[PDB]
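Peer 1: So here's target_19.cif (mmCIF, C-alpha atoms; chains and numbers go by the auth columns).
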```cif
data_coords
loop_
_atom_site.group_PDB
_atom_site.id
_atom_site.type_symbol
_atom_site.label_atom_id
_atom_site.label_comp_id
_atom_site.label_asym_id
_atom_site.label_seq_id
_atom_site.Cartn_x
_atom_site.Cartn_y
_atom_site.Cartn_z
_atom_site.B_iso_or_equiv
_atom_site.auth_seq_id
_atom_site.auth_asym_id
ATOM 1 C CA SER A 1 0.000 0.000 0.000 0.00 36 A
ATOM 2 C CA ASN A 2 3.119 2.321 0.184 0.00 37 A
ATOM 3 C CA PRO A 3 4.018 2.176 -3.550 0.00 38 A
ATOM 4 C CA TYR A 4 7.596 3.518 -2.840 0.00 39 A
ATOM 5 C CA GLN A 5 8.439 0.918 -0.198 0.00 40 A
ATOM 6 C CA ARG A 6 11.521 -1.122 -1.190 0.00 41 A
ATOM 7 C CA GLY A 7 13.565 -3.928 0.368 0.00 42 A
ATOM 8 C CA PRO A 8 13.102 -6.161 3.429 0.00 43 A
ATOM 9 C CA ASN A 9 12.194 -5.156 7.014 0.00 44 A
ATOM 10 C CA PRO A 10 15.373 -3.325 8.089 0.00 45 A
ATOM 11 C CA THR A 11 17.671 -4.207 11.030 0.00 46 A
ATOM 12 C CA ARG A 12 20.334 -1.826 12.349 0.00 47 A
ATOM 13 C CA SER A 13 23.024 -4.428 11.359 0.00 48 A
ATOM 14 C CA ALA A 14 21.738 -4.612 7.752 0.00 49 A
ATOM 15 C CA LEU A 15 22.043 -0.789 7.492 0.00 50 A
ATOM 16 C CA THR A 16 25.832 -1.018 8.322 0.00 51 A
ATOM 17 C CA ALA A 17 26.494 -3.059 5.122 0.00 52 A
ATOM 18 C CA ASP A 18 25.502 -2.751 1.417 0.00 53 A
ATOM 19 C CA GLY A 19 21.817 -3.605 1.049 0.00 54 A
ATOM 20 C CA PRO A 20 19.801 -6.038 -1.087 0.00 55 A
ATOM 21 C CA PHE A 21 20.213 -4.284 -4.530 0.00 56 A
ATOM 22 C CA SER A 22 23.129 -5.014 -6.887 0.00 57 A
ATOM 23 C CA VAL A 23 24.701 -1.721 -8.040 0.00 58 A
ATOM 24 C CA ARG A 24 25.876 -0.377 -11.404 0.00 59 A
ATOM 25 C CA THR A 25 28.153 2.664 -11.830 0.00 60 A
ATOM 26 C CA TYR A 26 28.194 5.166 -14.668 0.00 61 A
ATOM 27 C CA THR A 27 31.045 7.684 -14.910 0.00 62 A
ATOM 28 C CA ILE A 28 29.935 11.143 -16.158 0.00 63 A
ATOM 29 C CA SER A 29 32.820 12.859 -17.977 0.00 64 A
ATOM 30 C CA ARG A 30 33.434 16.479 -16.950 0.00 65 A
ATOM 31 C CA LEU A 31 32.958 17.769 -20.553 0.00 66 A
ATOM 32 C CA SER A 32 29.759 15.687 -21.199 0.00 67 A
ATOM 33 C CA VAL A 33 27.595 17.902 -18.891 0.00 68 A
ATOM 34 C CA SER A 34 26.858 21.614 -18.239 0.00 69 A
ATOM 35 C CA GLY A 35 26.643 23.193 -14.758 0.00 70 A
ATOM 36 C CA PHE A 36 28.809 20.605 -12.836 0.00 71 A
ATOM 37 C CA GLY A 37 32.029 18.579 -13.280 0.00 72 A
ATOM 38 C CA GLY A 38 30.403 15.174 -13.997 0.00 73 A
ATOM 39 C CA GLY A 39 30.844 12.477 -11.352 0.00 74 A
ATOM 40 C CA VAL A 40 29.622 8.934 -10.737 0.00 75 A
ATOM 41 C CA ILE A 41 26.054 7.512 -10.727 0.00 76 A
ATOM 42 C CA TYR A 42 25.333 4.473 -8.471 0.00 77 A
ATOM 43 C CA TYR A 43 22.045 2.740 -9.275 0.00 78 A
ATOM 44 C CA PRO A 44 20.236 -0.553 -8.774 0.00 79 A
ATOM 45 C CA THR A 45 20.016 -3.467 -11.240 0.00 80 A
ATOM 46 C CA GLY A 46 18.060 -6.780 -11.024 0.00 81 A
ATOM 47 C CA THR A 47 14.811 -4.807 -10.528 0.00 82 A
ATOM 48 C CA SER A 48 11.780 -3.409 -12.407 0.00 83 A
ATOM 49 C CA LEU A 49 11.017 -0.843 -9.691 0.00 84 A
ATOM 50 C CA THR A 50 11.900 2.893 -9.599 0.00 85 A
ATOM 51 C CA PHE A 51 13.717 4.696 -6.757 0.00 86 A
ATOM 52 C CA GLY A 52 14.292 8.217 -5.471 0.00 87 A
ATOM 53 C CA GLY A 53 17.298 10.175 -6.747 0.00 88 A
ATOM 54 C CA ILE A 54 20.002 11.605 -4.444 0.00 89 A
ATOM 55 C CA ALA A 55 22.683 14.136 -5.560 0.00 90 A
ATOM 56 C CA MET A 56 25.710 14.293 -3.275 0.00 91 A
ATOM 57 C CA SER A 57 28.580 16.820 -3.135 0.00 92 A
ATOM 58 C CA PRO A 58 32.137 16.298 -1.851 0.00 93 A
ATOM 59 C CA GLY A 59 34.038 19.044 -0.071 0.00 94 A
ATOM 60 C CA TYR A 60 36.831 21.535 -0.809 0.00 95 A
ATOM 61 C CA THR A 61 39.798 20.011 -2.772 0.00 96 A
ATOM 62 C CA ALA A 62 37.949 16.649 -2.821 0.00 97 A
ATOM 63 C CA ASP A 63 36.367 14.625 -5.628 0.00 98 A
ATOM 64 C CA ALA A 64 33.481 12.123 -6.022 0.00 99 A
ATOM 65 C CA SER A 65 35.809 9.272 -4.867 0.00 100 A
ATOM 66 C CA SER A 66 35.763 10.836 -1.321 0.00 101 A
ATOM 67 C CA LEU A 67 32.093 9.645 -1.040 0.00 102 A
ATOM 68 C CA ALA A 68 32.229 6.523 -3.350 0.00 103 A
ATOM 69 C CA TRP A 69 31.552 4.102 -0.452 0.00 104 A
ATOM 70 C CA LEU A 70 28.393 6.075 0.559 0.00 105 A
ATOM 71 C CA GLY A 71 27.033 6.476 -3.004 0.00 106 A
ATOM 72 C CA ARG A 72 27.368 2.654 -3.416 0.00 107 A
ATOM 73 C CA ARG A 73 25.937 2.046 0.116 0.00 108 A
ATOM 74 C CA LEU A 74 22.865 4.227 -0.581 0.00 109 A
ATOM 75 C CA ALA A 75 22.265 2.796 -4.069 0.00 110 A
ATOM 76 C CA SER A 76 22.538 -0.812 -2.684 0.00 111 A
ATOM 77 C CA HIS A 77 19.614 0.065 -0.302 0.00 112 A
ATOM 78 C CA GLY A 78 17.436 1.295 -3.267 0.00 113 A
ATOM 79 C CA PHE A 79 18.388 4.781 -4.551 0.00 114 A
ATOM 80 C CA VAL A 80 19.767 6.366 -7.717 0.00 115 A
ATOM 81 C CA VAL A 81 22.798 8.282 -6.389 0.00 116 A
ATOM 82 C CA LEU A 82 24.853 10.849 -8.328 0.00 117 A
ATOM 83 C CA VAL A 83 28.059 11.937 -6.517 0.00 118 A
ATOM 84 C CA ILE A 84 29.269 15.048 -8.370 0.00 119 A
ATOM 85 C CA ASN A 85 32.693 16.343 -9.272 0.00 120 A
ATOM 86 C CA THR A 86 32.769 20.164 -9.101 0.00 121 A
ATOM 87 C CA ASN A 87 33.757 22.550 -11.938 0.00 122 A
ATOM 88 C CA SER A 88 36.734 23.437 -9.656 0.00 123 A
ATOM 89 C CA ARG A 89 38.072 21.571 -6.556 0.00 124 A
ATOM 90 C CA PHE A 90 38.078 25.136 -4.957 0.00 125 A
ATOM 91 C CA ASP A 91 34.353 25.849 -5.482 0.00 126 A
ATOM 92 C CA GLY A 92 32.587 27.221 -2.356 0.00 127 A
ATOM 93 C CA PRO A 93 29.437 25.816 -0.691 0.00 128 A
ATOM 94 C CA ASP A 94 26.936 28.027 -2.661 0.00 129 A
ATOM 95 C CA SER A 95 28.688 27.037 -5.963 0.00 130 A
ATOM 96 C CA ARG A 96 28.310 23.365 -4.820 0.00 131 A
ATOM 97 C CA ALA A 97 24.550 24.072 -4.201 0.00 132 A
ATOM 98 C CA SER A 98 24.232 25.269 -7.832 0.00 133 A
ATOM 99 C CA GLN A 99 26.127 22.192 -9.068 0.00 134 A
ATOM 100 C CA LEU A 100 23.837 19.843 -7.062 0.00 135 A
ATOM 101 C CA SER A 101 20.845 21.608 -8.740 0.00 136 A
ATOM 102 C CA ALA A 102 22.363 21.126 -12.239 0.00 137 A
ATOM 103 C CA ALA A 103 23.161 17.470 -11.346 0.00 138 A
ATOM 104 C CA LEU A 104 19.515 16.779 -10.282 0.00 139 A
ATOM 105 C CA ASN A 105 18.157 18.481 -13.454 0.00 140 A
ATOM 106 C CA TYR A 106 20.630 16.292 -15.474 0.00 141 A
ATOM 107 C CA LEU A 107 19.584 13.163 -13.575 0.00 142 A
ATOM 108 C CA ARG A 108 15.832 13.762 -14.365 0.00 143 A
ATOM 109 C CA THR A 109 16.326 14.855 -18.035 0.00 144 A
ATOM 110 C CA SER A 110 19.526 13.620 -19.834 0.00 145 A
ATOM 111 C CA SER A 111 21.072 10.793 -17.787 0.00 146 A
ATOM 112 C CA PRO A 112 21.627 7.385 -19.445 0.00 147 A
ATOM 113 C CA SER A 113 18.577 5.248 -20.279 0.00 148 A
ATOM 114 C CA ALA A 114 19.465 2.606 -17.633 0.00 149 A
ATOM 115 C CA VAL A 115 19.640 5.403 -14.957 0.00 150 A
ATOM 116 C CA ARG A 116 16.353 7.006 -16.167 0.00 151 A
ATOM 117 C CA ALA A 117 14.736 3.492 -16.027 0.00 152 A
ATOM 118 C CA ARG A 118 15.494 3.261 -12.237 0.00 153 A
ATOM 119 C CA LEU A 119 14.660 6.919 -11.277 0.00 154 A
ATOM 120 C CA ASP A 120 11.391 8.333 -9.939 0.00 155 A
ATOM 121 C CA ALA A 121 12.050 11.906 -11.200 0.00 156 A
ATOM 122 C CA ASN A 122 9.594 13.317 -8.573 0.00 157 A
ATOM 123 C CA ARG A 123 11.365 11.929 -5.481 0.00 158 A
ATOM 124 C CA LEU A 124 14.735 13.697 -5.063 0.00 159 A
ATOM 125 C CA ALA A 125 17.095 14.428 -2.145 0.00 160 A
ATOM 126 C CA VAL A 126 20.556 15.826 -1.437 0.00 161 A
ATOM 127 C CA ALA A 127 23.536 15.135 0.782 0.00 162 A
ATOM 128 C CA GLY A 128 27.125 16.260 0.982 0.00 163 A
ATOM 129 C CA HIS A 129 30.388 16.521 2.909 0.00 164 A
ATOM 130 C CA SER A 130 31.931 19.699 4.420 0.00 165 A
ATOM 131 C CA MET A 131 31.403 22.587 1.917 0.00 166 A
ATOM 132 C CA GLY A 132 29.238 19.983 0.039 0.00 167 A
ATOM 133 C CA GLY A 133 27.115 19.856 3.233 0.00 168 A
ATOM 134 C CA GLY A 134 26.835 23.644 3.199 0.00 169 A
ATOM 135 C CA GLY A 135 25.761 23.345 -0.449 0.00 170 A
ATOM 136 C CA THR A 136 23.217 20.687 0.663 0.00 171 A
ATOM 137 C CA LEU A 137 21.645 23.175 3.110 0.00 172 A
ATOM 138 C CA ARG A 138 21.563 25.969 0.442 0.00 173 A
ATOM 139 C CA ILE A 139 19.979 23.820 -2.321 0.00 174 A
ATOM 140 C CA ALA A 140 17.334 22.648 0.217 0.00 175 A
ATOM 141 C CA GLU A 141 16.519 26.323 0.966 0.00 176 A
ATOM 142 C CA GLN A 142 16.179 26.991 -2.824 0.00 177 A
ATOM 143 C CA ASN A 143 14.100 23.790 -3.624 0.00 178 A
ATOM 144 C CA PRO A 144 11.290 22.882 -1.159 0.00 179 A
ATOM 145 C CA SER A 145 10.178 19.983 -3.512 0.00 180 A
ATOM 146 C CA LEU A 146 13.309 18.074 -2.293 0.00 181 A
ATOM 147 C CA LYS A 147 12.255 15.230 0.055 0.00 182 A
ATOM 148 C CA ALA A 148 15.315 15.247 2.362 0.00 183 A
ATOM 149 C CA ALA A 149 18.736 16.790 3.003 0.00 184 A
ATOM 150 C CA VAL A 150 21.705 15.184 4.869 0.00 185 A
ATOM 151 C CA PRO A 151 24.656 17.510 5.489 0.00 186 A
ATOM 152 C CA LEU A 152 27.720 15.499 6.690 0.00 187 A
ATOM 153 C CA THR A 153 30.269 17.459 8.876 0.00 188 A
ATOM 154 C CA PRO A 154 28.923 20.559 7.063 0.00 189 A
ATOM 155 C CA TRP A 155 30.867 23.831 6.588 0.00 190 A
ATOM 156 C CA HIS A 156 29.362 27.199 5.609 0.00 191 A
ATOM 157 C CA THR A 157 30.043 30.855 6.536 0.00 192 A
ATOM 158 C CA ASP A 158 26.229 31.482 6.445 0.00 193 A
ATOM 159 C CA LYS A 159 24.508 29.889 9.486 0.00 194 A
ATOM 160 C CA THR A 160 20.781 30.242 8.642 0.00 195 A
ATOM 161 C CA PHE A 161 18.956 28.201 5.974 0.00 196 A
ATOM 162 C CA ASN A 162 15.238 28.859 5.535 0.00 197 A
ATOM 163 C CA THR A 163 14.265 25.350 4.263 0.00 198 A
ATOM 164 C CA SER A 164 11.098 23.258 4.767 0.00 199 A
ATOM 165 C CA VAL A 165 13.065 20.175 3.534 0.00 200 A
ATOM 166 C CA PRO A 166 13.606 17.616 6.386 0.00 201 A
ATOM 167 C CA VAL A 167 17.256 17.889 7.484 0.00 202 A
ATOM 168 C CA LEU A 168 19.438 15.371 9.334 0.00 203 A
ATOM 169 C CA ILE A 169 22.931 16.834 10.075 0.00 204 A
ATOM 170 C CA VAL A 170 25.839 14.588 11.123 0.00 205 A
ATOM 171 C CA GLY A 171 28.438 16.336 13.332 0.00 206 A
ATOM 172 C CA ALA A 172 31.882 14.937 14.267 0.00 207 A
ATOM 173 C CA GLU A 173 32.847 15.531 17.926 0.00 208 A
ATOM 174 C CA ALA A 174 36.640 15.974 17.177 0.00 209 A
ATOM 175 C CA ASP A 175 36.049 17.964 13.957 0.00 210 A
ATOM 176 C CA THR A 176 38.780 20.666 13.747 0.00 211 A
ATOM 177 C CA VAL A 177 37.857 21.838 10.174 0.00 212 A
ATOM 178 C CA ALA A 178 34.112 22.513 10.730 0.00 213 A
ATOM 179 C CA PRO A 179 33.763 22.483 14.552 0.00 214 A
ATOM 180 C CA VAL A 180 30.167 21.493 15.486 0.00 215 A
ATOM 181 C CA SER A 181 29.868 24.561 17.803 0.00 216 A
ATOM 182 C CA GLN A 182 30.409 26.948 14.812 0.00 217 A
ATOM 183 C CA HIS A 183 28.882 24.919 11.866 0.00 218 A
ATOM 184 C CA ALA A 184 26.713 21.754 12.373 0.00 219 A
ATOM 185 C CA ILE A 185 24.913 22.840 15.629 0.00 220 A
ATOM 186 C CA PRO A 186 24.132 26.451 14.568 0.00 221 A
ATOM 187 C CA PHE A 187 22.834 25.066 11.208 0.00 222 A
ATOM 188 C CA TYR A 188 20.542 22.748 13.212 0.00 223 A
ATOM 189 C CA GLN A 189 19.398 25.554 15.597 0.00 224 A
ATOM 190 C CA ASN A 190 18.747 28.157 12.844 0.00 225 A
ATOM 191 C CA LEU A 191 16.606 25.838 10.601 0.00 226 A
ATOM 192 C CA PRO A 192 12.895 26.788 10.904 0.00 227 A
ATOM 193 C CA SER A 193 11.372 25.185 14.085 0.00 228 A
ATOM 194 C CA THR A 194 8.484 23.891 11.893 0.00 229 A
ATOM 195 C CA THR A 195 10.972 21.869 9.623 0.00 230 A
ATOM 196 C CA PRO A 196 11.562 18.217 10.717 0.00 231 A
ATOM 197 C CA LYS A 197 15.214 18.231 11.886 0.00 232 A
ATOM 198 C CA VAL A 198 17.696 15.866 13.574 0.00 233 A
ATOM 199 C CA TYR A 199 21.306 16.526 14.649 0.00 234 A
ATOM 200 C CA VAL A 200 23.548 13.515 15.533 0.00 235 A
ATOM 201 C CA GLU A 201 27.158 13.900 16.748 0.00 236 A
ATOM 202 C CA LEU A 202 29.598 11.005 16.167 0.00 237 A
ATOM 203 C CA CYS A 203 31.749 10.256 19.284 0.00 238 A
ATOM 204 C CA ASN A 204 35.492 10.835 18.692 0.00 239 A
ATOM 205 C CA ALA A 205 35.079 11.367 14.893 0.00 240 A
ATOM 206 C CA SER A 206 37.232 13.692 12.728 0.00 241 A
ATOM 207 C CA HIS A 207 36.128 15.849 9.750 0.00 242 A
ATOM 208 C CA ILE A 208 37.167 12.955 7.392 0.00 243 A
ATOM 209 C CA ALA A 209 34.940 10.314 9.077 0.00 244 A
ATOM 210 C CA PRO A 210 32.455 10.637 6.137 0.00 245 A
ATOM 211 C CA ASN A 211 35.208 9.713 3.591 0.00 246 A
ATOM 212 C CA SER A 212 35.565 6.106 4.953 0.00 247 A
ATOM 213 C CA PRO A 213 32.874 3.477 5.646 0.00 248 A
ATOM 214 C CA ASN A 214 31.106 4.549 8.865 0.00 249 A
ATOM 215 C CA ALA A 215 28.335 2.479 10.454 0.00 250 A
ATOM 216 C CA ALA A 216 26.514 5.461 12.086 0.00 251 A
ATOM 217 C CA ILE A 217 26.642 7.647 8.900 0.00 252 A
ATOM 218 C CA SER A 218 25.264 4.653 6.934 0.00 253 A
ATOM 219 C CA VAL A 219 22.429 4.004 9.461 0.00 254 A
ATOM 220 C CA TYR A 220 21.300 7.638 9.852 0.00 255 A
ATOM 221 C CA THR A 221 21.657 8.600 6.170 0.00 256 A
ATOM 222 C CA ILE A 222 19.838 5.481 4.867 0.00 257 A
ATOM 223 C CA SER A 223 17.109 5.910 7.532 0.00 258 A
ATOM 224 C CA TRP A 224 16.481 9.626 6.828 0.00 259 A
ATOM 225 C CA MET A 225 16.393 9.019 3.025 0.00 260 A
ATOM 226 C CA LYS A 226 14.083 5.973 3.389 0.00 261 A
ATOM 227 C CA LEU A 227 11.698 7.810 5.722 0.00 262 A
ATOM 228 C CA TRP A 228 11.348 10.990 3.598 0.00 263 A
ATOM 229 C CA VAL A 229 12.177 9.916 -0.014 0.00 264 A
ATOM 230 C CA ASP A 230 10.152 6.645 0.195 0.00 265 A
ATOM 231 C CA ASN A 231 7.669 7.551 3.022 0.00 266 A
ATOM 232 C CA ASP A 232 9.078 4.269 4.498 0.00 267 A
ATOM 233 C CA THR A 233 7.941 4.423 8.152 0.00 268 A
ATOM 234 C CA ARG A 234 9.778 1.058 8.828 0.00 269 A
ATOM 235 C CA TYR A 235 12.851 3.386 9.261 0.00 270 A
ATOM 236 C CA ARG A 236 11.353 5.590 12.047 0.00 271 A
ATOM 237 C CA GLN A 237 12.623 2.930 14.512 0.00 272 A
ATOM 238 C CA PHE A 238 16.253 4.069 13.812 0.00 273 A
ATOM 239 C CA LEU A 239 15.481 7.815 14.304 0.00 274 A
ATOM 240 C CA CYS A 240 13.057 7.622 17.326 0.00 275 A
ATOM 241 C CA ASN A 241 13.876 6.311 20.848 0.00 276 A
ATOM 242 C CA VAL A 242 17.522 6.078 19.649 0.00 277 A
ATOM 243 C CA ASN A 243 20.053 4.189 21.796 0.00 278 A
ATOM 244 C CA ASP A 244 23.401 4.162 19.946 0.00 279 A
ATOM 245 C CA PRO A 245 26.793 4.359 21.718 0.00 280 A
ATOM 246 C CA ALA A 246 28.373 5.784 18.488 0.00 281 A
ATOM 247 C CA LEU A 247 26.531 9.105 19.230 0.00 282 A
ATOM 248 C CA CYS A 248 27.714 11.712 21.817 0.00 283 A
ATOM 249 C CA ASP A 249 24.829 14.184 21.160 0.00 284 A
ATOM 250 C CA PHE A 250 21.345 14.155 19.603 0.00 285 A
ATOM 251 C CA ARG A 251 18.937 17.055 19.011 0.00 286 A
ATOM 252 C CA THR A 252 15.526 16.912 17.315 0.00 287 A
ATOM 253 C CA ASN A 253 12.126 18.633 17.217 0.00 288 A
ATOM 254 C CA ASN A 254 10.542 15.118 16.874 0.00 289 A
ATOM 255 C CA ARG A 255 8.517 15.933 13.707 0.00 290 A
ATOM 256 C CA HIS A 256 9.562 12.618 12.050 0.00 291 A
ATOM 257 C CA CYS A 257 8.233 10.175 14.807 0.00 292 A
#
```
What's the structure tokens form of this structure?

Peer 2:
Amino acid sequence: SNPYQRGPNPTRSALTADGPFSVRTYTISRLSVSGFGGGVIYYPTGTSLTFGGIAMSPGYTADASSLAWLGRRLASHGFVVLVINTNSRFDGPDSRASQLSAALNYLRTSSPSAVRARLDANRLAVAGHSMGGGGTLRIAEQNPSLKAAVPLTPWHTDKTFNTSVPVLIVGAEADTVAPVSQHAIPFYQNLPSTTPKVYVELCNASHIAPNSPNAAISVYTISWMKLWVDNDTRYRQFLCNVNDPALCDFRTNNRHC
């Protein structure tokens, strides 16, 4: 009766490993597309169903490979995931917001046939690392039709994003590049009080925790995307009445439970 429901009843353990869908990759050449630097698409095979689309941005100096594990992880749980390369490695967060927007337009309109075959063009979301997480907050502000936004150890000089898109922010306790007291936690506080929002803080984690396989980032990112992109309420259990020793802080307005 939920037409967007995919995959088996989830367990926390299952969300710390690649999920039930086999994954394809398609490399987008830089010169093949306008408005972003290409990147990599991760998408399901072995299926007739369609899935929400996620565009994800890496951070300053970084490329799509810095989030390859997470693009694969998300796609293997039932998503079409485009991890962008930026026009320049030195692009700022608002430039990365524009590039996520171009990437999502590309995904819905001129991506390969096999990608288009797996995409529900009306169910889209964003995520990103560091300045890519600041871009994630900005694109959410600019596009209220987005279903969800997951900034990972986000960095931005602007602290207030007027978005109605449900936001889950991951902070890293030991982050020296985007300290949670100056970036992640202000972003969380300044989001409208009427927007569903969660902040989780990883115990002992550095700014580069998102660039390696990370059980907590996998669980919270998959769960937020499933709940909002797929309306999959089977994932509320991971975001409500949370007991997880990987987390050293948790804030929410409880609009997702």

Peer 1: Which residues come within 10 Å of residue 149 of chain A, counting all atoms listed in the file, excluding same-chain residues fewer than 5 positions away, as a list in words?

Peer 2: residues 59, 61, 78, 79, 80 and 154 of chain A

Peer 1: Between A:107, A:158, A:131, A:112, which is the closest to residue 39 of chain A once you count only C-alpha atoms?

Peer 2: A:158

Peer 1: Given the choices A:100, A:253, A:133, A:228, which gets closest to residue 49 of chain A if the distance is worked out from all atoms listed in the file?

Peer 2: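 Looking at the shortest contact to residue 49 of chain A, the residue is A:253.
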
Peer 1: Segment 273-275 of chain A: which residues within 8 Å, counting all atoms listed in the file, same-chain residues fewer than 3 positions away excluded, as a PyMOL selection string?

Peer 2: chain A and resi 47+254-255+258-259+270+289+291-292

Peer 1: How many Å lie between atom CA of residue 170 of chain A and atom CA of residue 63 of chain A, rounded to one decimal?

Peer 2: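 Going from atom CA of residue 170 of chain A over to atom CA of residue 63 of chain A covers 20.3 Å.
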
Peer 1: Tell me which protein, DNA and RNA residues are within 10 Å of residue 141 of chain A, counting only C-alpha atoms, leaving out same-chain ones fewer than 2 positions away, and put them as an mmCIF file with C-alpha atoms, in the frame of the given file.

Peer 2:
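To be explicit, this is the file written out as around28.cif:
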```cif
data_model
loop_
_atom_site.group_PDB
_atom_site.id
_atom_site.type_symbol
_atom_site.label_atom_id
_atom_site.label_comp_id
_atom_site.auth_asym_id
_atom_site.auth_seq_id
_atom_site.Cartn_x
_atom_site.Cartn_y
_atom_site.Cartn_z
ATOM 1 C CA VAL A 68 27.595 17.902 -18.891
ATOM 2 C CA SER A 69 26.858 21.614 -18.239
ATOM 3 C CA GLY A 70 26.643 23.193 -14.758
ATOM 4 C CA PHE A 71 28.809 20.605 -12.836
ATOM 5 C CA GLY A 73 30.403 15.174 -13.997
ATOM 6 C CA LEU A 117 24.853 10.849 -8.328
ATOM 7 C CA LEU A 135 23.837 19.843 -7.062
ATOM 8 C CA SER A 136 20.845 21.608 -8.740
ATOM 9 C CA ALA A 137 22.363 21.126 -12.239
ATOM 10 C CA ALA A 138 23.161 17.470 -11.346
ATOM 11 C CA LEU A 139 19.515 16.779 -10.282
ATOM 12 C CA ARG A 143 15.832 13.762 -14.365
ATOM 13 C CA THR A 144 16.326 14.855 -18.035
ATOM 14 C CA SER A 145 19.526 13.620 -19.834
ATOM 15 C CA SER A 146 21.072 10.793 -17.787
ATOM 16 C CA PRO A 147 21.627 7.385 -19.445
#
```

Peer 1: Pick the closest to residue 167 of chain A from A:110, A:203, A:97, A:252: which is it, counting only C-alpha atoms?

Peer 2: A:97

Peer 1: Measuring between all atoms listed in the file, which one of A:268, A:178, A:217, A:36 shows the shortest distance to residue 200 of chain A?

Peer 2: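 Ranked by minimum distance to residue 200 of chain A, first place goes to A:178.
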
Peer 1: Would you mind completing segment 249-261 of chain A so that it carries N, CA, C and O atoms, and writing it out as a compact mmCIF listing (two decimals), in the coordinates of the input?

Peer 2:
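Result file follows (selection_10.txt):
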```
# COMPACT_ATOMS: atom_id res chain seq x y z
N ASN A 249 31.41 4.08 7.51
CA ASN A 249 31.11 4.55 8.86
C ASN A 249 29.71 4.05 9.17
O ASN A 249 28.75 4.44 8.43
N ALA A 250 29.60 3.18 10.16
CA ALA A 250 28.34 2.48 10.45
C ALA A 250 27.25 3.50 10.79
O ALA A 250 26.12 3.35 10.28
N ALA A 251 27.53 4.47 11.67
CA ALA A 251 26.51 5.46 12.09
C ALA A 251 26.10 6.31 10.88
O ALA A 251 24.89 6.52 10.70
N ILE A 252 27.03 6.80 10.06
CA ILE A 252 26.64 7.65 8.90
C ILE A 252 25.73 6.82 7.97
O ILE A 252 24.68 7.32 7.48
N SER A 253 26.07 5.57 7.78
CA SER A 253 25.26 4.65 6.93
C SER A 253 23.87 4.56 7.54
O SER A 253 22.87 4.76 6.83
N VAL A 254 23.76 4.24 8.83
CA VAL A 254 22.43 4.00 9.46
C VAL A 254 21.59 5.28 9.36
O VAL A 254 20.39 5.19 8.95
N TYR A 255 22.15 6.43 9.75
CA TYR A 255 21.30 7.64 9.85
C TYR A 255 20.96 8.15 8.45
O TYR A 255 19.83 8.69 8.27
N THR A 256 21.90 8.08 7.52
CA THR A 256 21.66 8.60 6.17
C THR A 256 20.63 7.72 5.48
O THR A 256 19.70 8.25 4.84
N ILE A 257 20.80 6.40 5.53
CA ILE A 257 19.84 5.48 4.87
C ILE A 257 18.47 5.73 5.48
O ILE A 257 17.49 5.80 4.71
N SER A 258 18.40 5.81 6.81
CA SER A 258 17.11 5.91 7.53
C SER A 258 16.42 7.22 7.18
O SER A 258 15.18 7.18 6.91
N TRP A 259 17.14 8.34 7.14
CA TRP A 259 16.48 9.63 6.83
C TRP A 259 15.98 9.60 5.37
O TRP A 259 14.84 10.04 5.13
N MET A 260 16.79 9.10 4.45
CA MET A 260 16.39 9.02 3.02
C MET A 260 15.18 8.08 2.86
O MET A 260 14.21 8.45 2.19
N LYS A 261 15.21 6.93 3.48
CA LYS A 261 14.08 5.97 3.39
C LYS A 261 12.84 6.62 3.94
O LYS A 261 11.77 6.55 3.28
```
